[PDB]
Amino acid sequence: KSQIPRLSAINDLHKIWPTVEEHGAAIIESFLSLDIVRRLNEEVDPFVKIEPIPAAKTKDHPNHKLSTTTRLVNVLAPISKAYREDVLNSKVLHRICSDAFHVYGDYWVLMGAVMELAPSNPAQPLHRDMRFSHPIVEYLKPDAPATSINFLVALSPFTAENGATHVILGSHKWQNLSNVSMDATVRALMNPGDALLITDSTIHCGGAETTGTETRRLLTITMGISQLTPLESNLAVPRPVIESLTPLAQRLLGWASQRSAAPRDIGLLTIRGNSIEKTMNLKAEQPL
């Protein structure tokens, strides 16, 4: 069985989305530089350490799907300069997203999260993303272009033994799911900064951590059309942080109005014919 296609962020940029459209997955080598990875890791470190279990009794939106050996930290903009500057303005990310979502219009971040898996973390069940938040997605016709995609960026090594993600190539086009098996999977073996890119229809799962010693960490960026509601809110992010961002990053975080691709688009999140940013006189690129 064929392995996940591997592509250069630098040279193969126009090939990335076509590859995912065909195969349902691709590895983007050096999606983030080691410097960006180092900074992201340093900045999110304490927030990962303080994060409780996904279904902690203190939470009013517990996540009952993730294992108790998973820590997931979302709403990264207030935590990480590297995320809100380097990642949210990634030229590679934006080329891919505009390639993927042009039929629909603007896209934004549905969720940007760091996931850390403790040693001995079990494999997740094979799944498609979005089914525990956006039931609407299952009602889309089979030829509807993907309405979200997920960049699973390695922040530490992904190896067979430490639970590198499994994907089923071609499963984004499956309607009948009787052949869903771990027998059908291949692995996303990755170095820090590489990214596994999948669609919302790609069947995949986190792997089993079998060493008992290694802690695997990733940055998962679910990018989706601006017509779909994010899993996470940036409503509580301080205004000085928002005003430090680029206009593009502000839009990605829901601090701007949005547009569809409809010829005479009437817009999303507008205020009596004007944008959020015009109405609220939102500054951009103001240093902290």
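Numbers for residues come from their place in the sequence shown, where the first is 1.
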Averaging the C-alpha B factors as listed in the entry, name the stretch that ends up higher: 173-181 or 132-140. 173-181
Would 209-217 or 110-118 have the larger average of its C-alpha temperature factors, as given in the entry? 209-217
Ranking every modelled residue in this chain by its Cα temperature factor as given in the entry, which third contains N274? middle
Pull the Cα B-factor of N234 out of the PDB entry and bin it into the chain's lowest, middle or highest third. lowest
Can you tell me which third, lowest, middle or highest, the CA B-factor of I266 falls into for its chain? lowest
Quick tally, chain-level thirds of C-alpha B-factors: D99 sits in the middle
Would you check the entry's CA temperature factor for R84 and let me know if it's in the chain's lowest, middle or highest third? middle
